[PDB]
Amino acid sequence: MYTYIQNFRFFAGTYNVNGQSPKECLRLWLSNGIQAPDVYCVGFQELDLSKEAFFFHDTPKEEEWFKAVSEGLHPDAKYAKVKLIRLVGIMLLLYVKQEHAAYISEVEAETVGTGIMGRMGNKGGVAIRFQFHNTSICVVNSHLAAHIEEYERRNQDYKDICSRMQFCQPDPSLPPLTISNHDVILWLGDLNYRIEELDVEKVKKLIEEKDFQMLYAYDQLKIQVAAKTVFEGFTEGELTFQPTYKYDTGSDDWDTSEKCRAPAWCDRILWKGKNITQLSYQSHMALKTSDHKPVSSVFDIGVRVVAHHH
Amino acid sequence: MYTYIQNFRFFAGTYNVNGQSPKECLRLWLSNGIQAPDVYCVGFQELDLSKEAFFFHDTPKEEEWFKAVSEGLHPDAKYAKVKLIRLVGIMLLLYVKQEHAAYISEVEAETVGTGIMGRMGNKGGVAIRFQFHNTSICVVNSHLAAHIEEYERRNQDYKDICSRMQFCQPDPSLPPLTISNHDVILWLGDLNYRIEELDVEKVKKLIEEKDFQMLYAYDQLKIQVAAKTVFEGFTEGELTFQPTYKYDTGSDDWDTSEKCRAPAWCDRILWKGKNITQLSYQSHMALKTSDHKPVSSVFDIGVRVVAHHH
Amino acid sequence: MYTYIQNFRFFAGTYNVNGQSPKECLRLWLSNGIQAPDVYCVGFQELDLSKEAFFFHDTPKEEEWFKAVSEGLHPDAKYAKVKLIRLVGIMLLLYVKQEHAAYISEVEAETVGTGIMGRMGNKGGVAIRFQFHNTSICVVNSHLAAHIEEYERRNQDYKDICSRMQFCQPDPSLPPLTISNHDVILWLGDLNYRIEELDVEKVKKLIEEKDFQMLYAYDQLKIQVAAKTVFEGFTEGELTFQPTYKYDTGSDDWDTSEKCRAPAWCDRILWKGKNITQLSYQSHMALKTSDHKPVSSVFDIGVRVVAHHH
Ligand SMILES: CCCCCCCC(=O)OC[C@H](COP(=O)(O)O[C@@H]1[C@@H](O)[C@@H](O)[C@@H](OP(=O)(O)O)[C@@H](OP(=O)(O)O)[C@H]1O)OC(=O)CCCCCCC
Ligand SMILES: CCCCCCCC(=O)OC[C@H](COP(=O)(O)O[C@@H]1[C@@H](O)[C@@H](O)[C@@H](OP(=O)(O)O)[C@@H](OP(=O)(O)O)[C@H]1O)OC(=O)CCCCCCC
Ligand SMILES: CCCCCCCC(=O)OC[C@H](COP(=O)(O)O[C@@H]1[C@@H](O)[C@@H](O)[C@@H](OP(=O)(O)O)[C@@H](OP(=O)(O)O)[C@H]1O)OC(=O)CCCCCCC
Ligand SMILES: [Cl-]
Ligand SMILES: [Cl-]
Ligand SMILES: [Cl-]
Ligand SMILES: [Mg+2]
Ligand SMILES: [Mg+2]
Ligand SMILES: [Mg+2]
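In structure tokens, the structure reads:
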């Protein structure tokens with residue numbers, strides 16, 4: 258046989274929904290004046306903050322948010338649901354255009370809890386891997402540890418997801434599939450990295466001034482990546498939108514509670530692999546259900562397709 | 258339109274069943290020579306003491322006790338089940354005569370755990386609110402902290418149920434419904450308040466002498482209400498029955514175990530609202546399944562009914 | 258009526274499966290060149306090591322292992338499933354030849370958790386009791402505390418299972434059925450008792466030399482039974498097979514990890530009652546799914562049968 262590169266459009270989204278049910282149309286996030294994606298990868302954090310969900314019970318929030326996402330996908334294409342995976346509040350959805358569904362194979366989904374006692378699901382990661390035509394793809398959604406001072410724990414959460422996440426494989430003989438053994442890796446989530454050094458007022462001033470380049474110089478994810486403690490070999494696109502945390506629910510105002518939290522680029526998307534081009538990377542201010550704003554990126558990704566023989 | 262007051266009969270019952278399945282006919286509690294209630298409000302504590310129930314799993318005890326209650330309702334009327342709500346061992350049931358069912362609306366049920374780590378369901382409250390004709394009603398069933406020395410925690414459990422219990426409402430714009438925003442509030446449960454100061458032998462002697470007025474002078478709920486720490490604006494009827502805890506299972510004898518627990522009026526019913534009259538308040542000694550006896554009260558409650566226009 | 262003793266063949270098996278799904282045919286354990294048993298008693302430990310199973314959720318491992326066992330039963334007889342009981346990873350299955358099913362009655366199953374905080378199901382026991390013809394039988398499967406130094410906790414786990422395990426009974430009037438109130442008791446499990454005194458190299462040398470009599474002189478279960486701290490009145494057959502823990506998964510090699518665990522006869526079967534004869538007691542090295550090997554015993558057991566009147 259013979260293969261060739263054919264480009265497909267992948268949408269990746271991440272949204273921390275603060276334990277809320279969906280109240281708004283999600284088109285403003287998932288299909289806001291874009292061309293129809295070929296593949297949708299849609300991730301949530303904090304789907305359900307209840308004690309019942311924490312102890313691994315089913316939750317109506319799973320179906321509520323799945324339906325909201327399905328209804329918010331681009332109207333020009335029929336999308337097939339390929340896979341849903343959830344650990345407590347961390348949920349990842351994979352859809353493809355119906356016409357591409359026949360070329361999806363080897364779908365596997367797994368989860369890793371890195372929260373209470375290092376194991377519970379209040380924080381951690383979920384992942385879906387699959388083959389699209391002849392290209393292997395893994396999408397990871399992680400919610401890493403909270404608070405500015407806990408960057409070392411965020412680094413450890415990342416390392417633990419990478420080492421513990423193992424996928425099934427057709428051949429029991431080879432070692433299990435890990436996240437890294439894929440042609441294309443998309444990593445999204447509330448990575449929860451904050452702004453070092455600067456005080457809250459200075460952070461807010463830089464944002465008002467739209468000096469995102471200066472603010473980004475103090476971003477913990479940037480610093481840790483530069484120190485090679487996390488996300489080795491991954492790329493992140495330039496941040497041209499304002500921090501996505503923390504807002505008063507129902508508004509675009511920064512947290513006016515007593516805690517008065519410093520804004521942060523909590524919500525991020527990164528990638529690794531050949532033939533990837535990021536076409537956009539943005540937040541969606543119009544959605545106010547949560548104290549975070551959703552983030553999205555659209556990629557053109559080259560996929561190995563088998564040429565038809567005649 | 259025009260409204261007028263029409264009286265309906267409400268039965269309220271509370272029973273701590275010590276993790277047991279039902280073994281006796283519940284008519285002796287629920288329909289023991291009384292007129293048929295229009296509305297039944299039936300609450301349990303300790304429905305299931307298992308670790309599985311504690312971690313929020315379904316339990317066969319829910320259906321066993323629901324059926325026992327349904328079978329024990331007054332035989333002269335067909336009762337419609339309006340709502341069931343359970344948190345671990347705390348369950349509340351609401352029924353109305355079939356003929357009144359069409360005038361029930363806006364039924365909402367919620368729970369608040371105030372047990373382990375302040376959040377688990379070994380203690381706490383559940384509630385059902387609804388509109389009957391044009392009158393709003395909230396029924397609360399609480400199981401508050403154990404032991405004579407923990408009255409401050411019982412006070413805190415009450416305050417926490419009051420502040421955390423929020424109900425849905427037709428209009429997202431107004432603040433959520435709380436327990437206090439109702440025309441009629443009925444609060445029942447194992448409130449777990451004990452007798453201060455007196456030693457066990459003195460308590461038992463007063464009960465033998467049927468001097469309930471003297472024993473009540475040392476009741477913690479009375480004292481805390483007088484200090485305005487709990488149940489502000491609520492009324493409780495005079496206690497004319499002997500303490501309902503703690504008995505040897507299968508008997509009317511006081512706890513003969515090594516612990517030799519002091520008797521207490523653990524199990525109580527209180528109310529708040531206009532046009533309420535208590536017609537009775539009693540315990541039911543004949544039921545011996547548990548180490549508590551069940552308590553009941555019947556009220557005449559004035560309800561706002563729309564007058565028919567012709 | 259008149260009764261007489263008739264002998265039936267009972268198979269008992271215990272297998273700690275290290276949280277794995279079944280990968281091998283279980284005939285090598287359950288029907289490896291033996292006559293068809295009349296009754297199968299098949300016990301597992303560590304069916305599922307997940308946090309979800311630990312908090313008492315259903316697991317697909319239950320059905321996977323039940324089907325594997327059913328498929329591995331002796332092919333000459335149709336076996337009826339009488340009962341399945343599971344607590345977290347501890348599962349016991351009871352089957353009988355179809356032709357004997359009509360003579361099984363009073364089947365009851367219960368569990369006792371003796372793990373975290375003395376109550377959780379990471380360790381403990383499950384049991385099935387029943388009447389076969391006119392003889393009462395109780396089969397217990399226990400997973401007792403780990404590690405050489407914790408023999409006192411293993412003793413306590415045993416005592417706690419014995420005192421807490423209570424079965425339902427036709428007559429509410431008599432005291433509940435306990436394990437000890439049965440004509441025949443079969444106790445199996447990962448009892449987790451280790452070899453005292455000897456160092457790892459010496460243990461391995463004795464095993465190489467096949468000097469099981471000398472190694473057994475240092476076995477903790479033997480010592481504790483002799484001290485009358487556990488298993489009073491029970492018998493165990495001579496151990497003529499090598500220790501069943503701890504192996505590298507997929508091999509017959511001893512644990513080559515850093516921990517380098519000493520081999521132990523973790524997995525045991527004991528009995529108590531009249532008219533019992535052990536016909537075999539062995540391990541099954543050929544099964545390599547787990548870090549333990551399965552153990553089996555076949556008994557001839559005299560059962561009281563009602564003579565037919567003509
Ligand atoms: C081994 C099993 C037994 C263990 C039982 C222990 C139960 C328990 O303590 O969980 C605690 C867990 C903690 O949240 P965690 O994931 O750090 O995530 C939150 C962060 O995302 C931030 O947003 C912080 O809030 P903000 O930045 O202030 O907005 C932070 O709040 P705080 O600063 O207050 O830490 C925290 O709540 O909360 C939950 O997951 C909620 C549901 C479980 C609770 C029920 C059980 C009691
Ligand atoms: C964050 C998650 C992890 C937390 C795990 C922690 C698990 C745990 O310790 O729970 C303990 C919980 C305690 O009972 P709690 O509600 O005070 O209610 C009981 C009172 O109503 C009284 O009747 C007292 O008994 P009496 O007056 O003497 O009759 C009292 O007994 P004690 O005096 O002995 O305190 C107590 O049992 O018991 C239960 O709810 C039973 C079921 C859960 C246990 C399984 C988990 C191990
Ligand atoms: C009151 C409720 C809240 C309590 C939450 C606490 C959760 C928790 O710490 O559990 C711990 C529990 C411990 O295993 P436990 O039964 O001793 O059994 C194992 C033994 O059988 C041996 O094989 C030992 O391993 P090896 O001989 O080395 O092979 C030993 O390992 P270690 O030597 O390392 O002790 C141990 O894992 O592990 C589990 O059961 C696993 C699943 C639950 C964990 C999820 C919750 C975080
Ligand atoms: Cl927007
Ligand atoms: Cl009575
Ligand atoms: Cl073998
Ligand atoms: Mg939140
Ligand atoms: Mg009790
Ligand atoms: Mg193991």
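Chains as they are written, first to last, in PDB author numbering: chain A, 258 to 567; chain A', 258 to 567; chain A'', 258 to 567. A prime marks a further copy of an entry chain.
We treat Cβ as the ideally placed atom computed from N, Cα and C, and that holds for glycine.
Using the C-alpha atoms, what's the distance from residue j back to residue i?
{"i": "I373 of chain A", "j": "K380 of chain A", "result": "8 Å"}
{"i": "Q277 of chain A''", "j": "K503 of chain A''", "result": "15 Å"}
{"i": "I405 of chain A''", "j": "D456 of chain A''", "result": "12 Å"}
{"i": "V353 of chain A", "j": "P429 of chain A'", "result": "35 Å"}
{"i": "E319 of chain A", "j": "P279 of chain A", "result": "11 Å"}
{"i": "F491 of chain A'", "j": "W528 of chain A'", "result": "5 Å"}
{"i": "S399 of chain A'", "j": "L445 of chain A'", "result": "7 Å"}
{"i": "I452 of chain A", "j": "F312 of chain A", "result": "32 Å"}
{"i": "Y259 of chain A'", "j": "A564 of chain A'", "result": "6 Å"}
{"i": "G346 of chain A", "j": "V396 of chain A'", "result": "32 Å"}
{"i": "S420 of chain A'", "j": "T486 of chain A'", "result": "14 Å"}
{"i": "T371 of chain A''", "j": "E303 of chain A'", "result": "22 Å"}
{"i": "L341 of chain A", "j": "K531 of chain A''", "result": "57 Å"}
{"i": "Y450 of chain A'", "j": "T501 of chain A'", "result": "12 Å"}
{"i": "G559 of chain A'", "j": "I394 of chain A'", "result": "11 Å"}
{"i": "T392 of chain A'", "j": "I385 of chain A'", "result": "14 Å"}
How is residue i classed by DSSP in three states: helix, strand or coil?
{"i": "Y259 of chain A''", "result": "coil"}
{"i": "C395 of chain A''", "result": "strand"}
{"i": "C425 of chain A'", "result": "coil"}
{"i": "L463 of chain A'", "result": "helix"}
{"i": "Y475 of chain A''", "result": "coil"}
{"i": "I526 of chain A''", "result": "strand"}
{"i": "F469 of chain A'", "result": "helix"}
{"i": "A483 of chain A''", "result": "helix"}
{"i": "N412 of chain A", "result": "helix"}
{"i": "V274 of chain A'", "result": "coil"}
{"i": "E281 of chain A''", "result": "coil"}
Comparing the C-beta of residue i with each C-beta of chain A', is any distance below 8 Å?
{"i": "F312 of chain A", "result": "yes"}
{"i": "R376 of chain A''", "result": "yes"}
{"i": "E319 of chain A", "result": "no"}
Which residues bound the alpha helix (DSSP H) around residue i?
{"i": "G494 of chain A", "result": "Per DSSP, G494 of chain A belongs to no alpha helix (DSSP H) and is neither H nor E."}
{"i": "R284 of chain A'", "result": "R284 to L287"}
{"i": "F312 of chain A'", "result": "Neither: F312 of chain A' is in no alpha helix (DSSP H) and is coded neither H nor E."}
I need the boundaries of the beta strand (DSSP E) containing residue i, first residue and last residue.
{"i": "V563 of chain A'", "result": "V552 to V563"}
{"i": "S537 of chain A'", "result": "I533 to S540"}
{"i": "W511 of chain A'", "result": "Counting along the chain, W511 of chain A' falls outside any beta strand (DSSP E), and DSSP gives it neither H nor E."}
{"i": "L445 of chain A", "result": "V441 to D447"}
{"i": "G300 of chain A''", "result": "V296 to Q302"}
{"i": "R451 of chain A", "result": "It is not in any beta strand (DSSP E) - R451 of chain A carries neither H nor E in the DSSP assignment."}
{"i": "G378 of chain A''", "result": "Run containing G378 of chain A'': none; DSSP gives neither H nor E here."}
Using a Cβ cut-off of 8 Å (strictly closer), state whether residue i contacts chain A.
{"i": "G381 of chain A'", "result": "no"}
Should residue i be flagged as near chain A'', meaning a C-beta pair shorter than 8 Å?
{"i": "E515 of chain A'", "result": "no"}
{"i": "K308 of chain A'", "result": "yes"}
{"i": "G370 of chain A", "result": "yes"}
Inset, instruction - Within the stretch 329-363 of chain A', note down every full beta strand (DSSP E) run reaching 3 residues or more, in order along the chain. - result: Taking 3 residues as the minimum length, the beta strand (DSSP E) runs contained wholly in the stretch 329-363 of chain A' are 336-344 and 347-354, in order along the chain.
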